[PDB]
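Here PDB author numbering = 1-based position in the first sequence + 42. By construction, the Cβ of each residue, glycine as well, lies at the ideal position given by its N, Cα and C atoms.
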Amino acid sequence: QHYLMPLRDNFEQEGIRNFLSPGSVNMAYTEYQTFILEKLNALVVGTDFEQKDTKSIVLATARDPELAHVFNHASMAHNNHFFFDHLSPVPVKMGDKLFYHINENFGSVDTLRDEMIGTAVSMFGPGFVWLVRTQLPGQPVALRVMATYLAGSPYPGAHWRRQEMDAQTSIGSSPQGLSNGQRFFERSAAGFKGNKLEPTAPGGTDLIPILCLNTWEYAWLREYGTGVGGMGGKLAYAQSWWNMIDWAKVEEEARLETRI
RNA sequence: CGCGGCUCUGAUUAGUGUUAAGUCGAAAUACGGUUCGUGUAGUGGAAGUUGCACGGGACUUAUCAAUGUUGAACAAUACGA
Ligand SMILES: [Mg+2]
Ligand SMILES: [Mg+2]
Ligand SMILES: [Mg+2]
Ligand SMILES: [Mg+2]
Ligand SMILES: [Mg+2]
Ligand SMILES: [Mg+2]
Ligand SMILES: [Mg+2]
Ligand SMILES: [Mg+2]
Numbered sequence: 043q044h045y046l047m048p049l050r051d052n053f054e055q056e057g058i059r060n061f062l063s064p065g066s067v068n069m070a071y072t073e074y075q076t077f078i079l080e081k082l083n084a085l086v087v088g089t090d091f092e093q094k095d096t097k098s099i100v101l102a103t104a105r106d107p108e109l110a111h112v113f114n115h116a117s118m119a120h121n122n123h124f125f126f127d128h129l130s131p132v133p134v135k136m137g138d139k140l141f142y143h144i145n146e147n148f149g150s151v152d153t154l155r156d157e158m159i160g161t162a163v164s165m166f167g168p169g170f171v172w173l174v175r176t177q178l179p180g181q182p183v184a185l186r187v188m189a190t191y192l193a194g195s196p197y198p199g200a201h202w203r204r205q206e207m208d209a210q211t212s213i214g215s216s217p218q219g220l221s222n223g224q225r226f227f228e229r230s231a232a233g234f235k236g237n238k239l240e241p242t243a244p245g246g247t248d249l250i251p252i253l254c255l256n257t258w259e260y261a262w263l264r265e266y267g268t269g270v271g272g273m274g275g276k277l278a279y280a281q282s283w284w285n286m287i288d289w290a291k292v293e294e295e296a297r298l299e300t301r302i
C-alpha cells in the first residue's frame with residue numbers, strides 16, 4: 043500500500059519559520075496527504091497500480107476516462123509533495139546560472155515573482171502554478187510559467203489532464219472566446235482520434251517541472267486566514283512562499299547547460 | 001448229467017503300430033485362395049464335402065468432412081529476442 047513519507051527538514055515538527063506554522067503544515071501535509079493516500083489505496087488495492095509509484099499512476103491513468111478519479115488522488119499526492127519538497131527552512135541565495143536564465147527569459151527575478159504570484163490569484167481556483175523548463179530538440183532551454191487547475195499535471199505524458207484553462211470563463215462568442223473554443227474541440231478531437239497536436243520528444247524530456255506553488259485552500263486558509271481587508275489571505279501566502287524557495291535545489295533540477 | 005465261468009484253437013474277417021525313395025488328389029497352416037473348428041445328420045476312391053445351430057482358438061485388424069477461431073483498438077516515461 044501507499045504510505046505517507048516524512049517531510050524534508052522535519053517541517054511536520056517545527057514547520058517553516060515565517061511561512062507556515064507547525065500546526066498548519068500538519069493539517070496541510072500529514073492530515074491531508076494521509077487522507078488522499080487512504081482513498082488512493084482503496085482505488086488501487088486490487089489492481090496493477092497497487093505497487094506502482096504516484097508518478098507512474100499519473101502517466102498511466104492520464105487519458106483513460108474510466109480512471110479519472112484515480113488520476114486525481116495520484117496526481118494530487120504527487121503535486122502536493124512536490125510543493126513541500128522545494129521549501130527551505132532558511133532563505134537561500136539564488137545561484138548565478140539560474141539568476142541568468144530567469145533574467146533572460148522573464149526579464150528580472152522580480153518580474154517572474156509577480157507573474158507566478160499574479161497567476162495564482164488571477165486563477166481564482168485551487169490549483170498549482172509551475173515553473174516549467176521547455177527545451178525542444180533544436181531550440182535551447184527556455185523557462186515559462188504554467189498554471190494547472192485542481193489536479194492537472196504538467197508532465198507531457200499526462201497532457202490529457204493538463205488542466206490549465208477553465209471553460210466557464212474562457213470559451214465564449216467574443217473574438218478571443220471563439221479562439222479558445224476552437225482549441226478546446228481541436229484537442230478533444232485530436233486526443234480522441236489519437237492524433238498528436240504538438241510533437242514531443244521521447245521520454246517526456248520536453249517539460250521538466252522545477253518549482254511549484256500549491257494554491258489549494260487547505261494549505262493557506264488556516265494560516266493566512268480568508269484575506270478580507272487586504273491582510274494575509276491567498277495574496278500574502280504567495281508572497282511569503284517566494285522567500286522560502288529552495289533556489290539551490292531549483293537550479294539543480296533545472297540542469298541549465300553551461301554555455302557562458 | 002445239466003447250466004455257468006475260464007483257457008486254447010478256428011475257415012472267414014476288422015482295426016491299429018512300424019517301415020524315406022510307389023501311386024491318386026491338395027484338406028490344413030496367409031483372407032491357404034469355399035473362414036476354421038464343436039455337436040448332429042447325410043454324402044464321396046481318399047484327404048474331403050453338405051444341411052442346421054453353436055465357438056473364436058478370425059476380423060478391437062478399430063485412427064477426422066466438427067477441417068480446426070480478428071477470444072476486445074491504438075499510443076504513451078508503459079512495453080523491448
Ligand atoms: Mg484266423
Ligand atoms: Mg476347407
Ligand atoms: Mg487347400
Ligand atoms: Mg479353406
Ligand atoms: Mg463345418
Ligand atoms: Mg449331391
Ligand atoms: Mg485366422
Ligand atoms: Mg487375432
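Can you tell me which of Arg297, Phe227, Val163 puts its alpha carbon nearest to the alpha carbon of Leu249?
-> Counting from one through the first sequence, the residue named residue 249 turns up at place 207. The shortest Cα separation from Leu249 among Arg297, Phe227, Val163 belongs to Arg297.
Quick one: what does DSSP say residue 308 is sitting in, helix, strand or coil?
-> Since the first and last residues shown for the chain are 43 and 302, residue 308 lies out of range.
Determine, using beta carbons only, whether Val151 and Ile159 come nearer to each other than 9 Å.
-> On the first sequence, position 109 is the one that residue 151 refers to. On the first sequence, position 117 is the one that residue 159 refers to. Cβ atoms of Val151 and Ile159: not closer than 9 Å.
To the nearest angstrom, report how far apart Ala162 and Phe170 are at their CA atoms.
-> Counted from its first residue, the first sequence places residue 162 at position 120. Counted from its first residue, the first sequence places residue 170 at position 128. Computed Cα separation, rounded: 8 Å.
Near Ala189, which residues of its chain fall below 8 Å by C-beta distance, leaving aside the five closest residues on each side in sequence?
-> Locating residue 189 in the first sequence gives position 147, where the first residue counts as 1. So the list reads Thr161, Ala162, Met165, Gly169, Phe170, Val171, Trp172, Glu206, once near-sequence residues are dropped.
Starting from the C-beta of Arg155, find all residues in its chain whose C-beta is less than 8 Å away, skip the five residues before and the five after it, and write them out in chain order.
-> Mapped onto the first sequence, residue 155 falls at position 113. In the same chain as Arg155, and ignoring 5 residues on each side of it, the C-beta atoms closer than 8 Å to its own belong to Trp284, in chain order.
Using the Cα positions of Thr247 and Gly271, report the straight-line distance between them to the nearest angstrom.
-> The residue labelled residue 247 in the question sits at position 205 within the first sequence. The residue labelled residue 271 in the question sits at position 229 within the first sequence. The alpha-carbon separation between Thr247 and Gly271 amounts to approximately 44 Å.
Identify every residue that forms a DSSP beta bridge with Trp172.
-> As a position in the first sequence, residue 172 is number 130, starting the count at 1. Looking at the DSSP assignment, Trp172 forms a beta bridge with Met188, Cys254.
Just reading off the alpha helix (DSSP H) that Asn114 is part of, what are its end residues?
-> Translated into the one-based positions of the first sequence, residue 114 becomes position 72. Its alpha helix (DSSP H) spans residues 110-126.
For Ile78, the three-state DSSP class (helix, strand or coil) = Translated into the one-based positions of the first sequence, residue 78 becomes position 36. DSSP, reduced to helix, strand and coil, places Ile78 within a helical segment of the structure shown.
Spell out the partners DSSP gives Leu249 in its beta bridges.
-> Walking along the first sequence from the start, residue 249 turns up at place 207. Per DSSP, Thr176.
Which stretch, first to last residue, makes up the alpha helix (DSSP H) that contains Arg50?
-> Translated into the one-based positions of the first sequence, residue 50 becomes position 8. Where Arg50 is concerned, there is no enclosing alpha helix (DSSP H), given that its DSSP letter is neither H nor E.
Using three-state DSSP, classify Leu129 as helix, strand or coil.
-> Reading the first sequence from its first residue, position 87 is the one you call residue 129. In this structure, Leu129 counts as strand in the three-state DSSP scheme.
Work out the CA separation of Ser221 and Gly214 for me, nearest whole Å.
-> Against the first sequence, residue 214 aligns to sequence position 172. Against the first sequence, residue 221 aligns to sequence position 179. Their Cα atoms are separated by approximately 9 Å.
How far does the alpha helix (DSSP H) with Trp283 in it reach, from first residue to last?
-> The sequence position of residue 283 within the first sequence is 241, counting from 1. In the DSSP annotation of this structure, the continuous segment of the alpha helix (DSSP H) that includes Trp283 starts and ends at 275-285.
Helix, strand or coil: which one does DSSP assign to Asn60?
-> Sequence index remark: in the first sequence, residue 60 carries index 18 (1-based). Coil.
Run through DSSP, which three-state label would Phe166 get?
-> Here residue 166 corresponds to residue number 124 of the first sequence, with the count starting at 1. Secondary structure of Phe166 (DSSP, three-state): coil.
From what residue to what residue does the alpha helix (DSSP H) around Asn222 run?
-> For the purposes of this step, residue 222 is identified with residue 180 of the first sequence, where counting begins at 1. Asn222 -> alpha helix (DSSP H) spans 217-235.
Taking Cβ positions, are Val100 and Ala243 nearer each other than 9 Å?
-> For the purposes of this step, residue 100 is taken as the residue at position 58 of the first sequence. For the purposes of this step, residue 243 is taken as the residue at position 201 of the first sequence. Taking 9 Å as the Cβ cut-off, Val100 and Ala243 do not qualify as a contacting pair.
Say whether the region 115-134 touches the region 90-104, bearing in mind that this needs 3 or more beta-carbon pairs closer than 8 Å, one atom from each stretch.
-> Yes: at least three Cβ pairs fall under 8 Å.
If you draw a straight line from the alpha carbon of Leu85 to that of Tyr74, how long is it in whole angstroms?
-> The sequence position of residue 85 within the first sequence is 43, counting from 1. The sequence position of residue 74 within the first sequence is 32, counting from 1. Going by C-alpha positions, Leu85 is about 17 Å away from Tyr74.
For the region 174-191 against the region 224-234, are there 3 or more C-beta pairs whose distance is under 8 Å?
-> Because the criterion of three Cβ pairs below 8 Å is not met, the region 174-191 and the region 224-234 do not touch.
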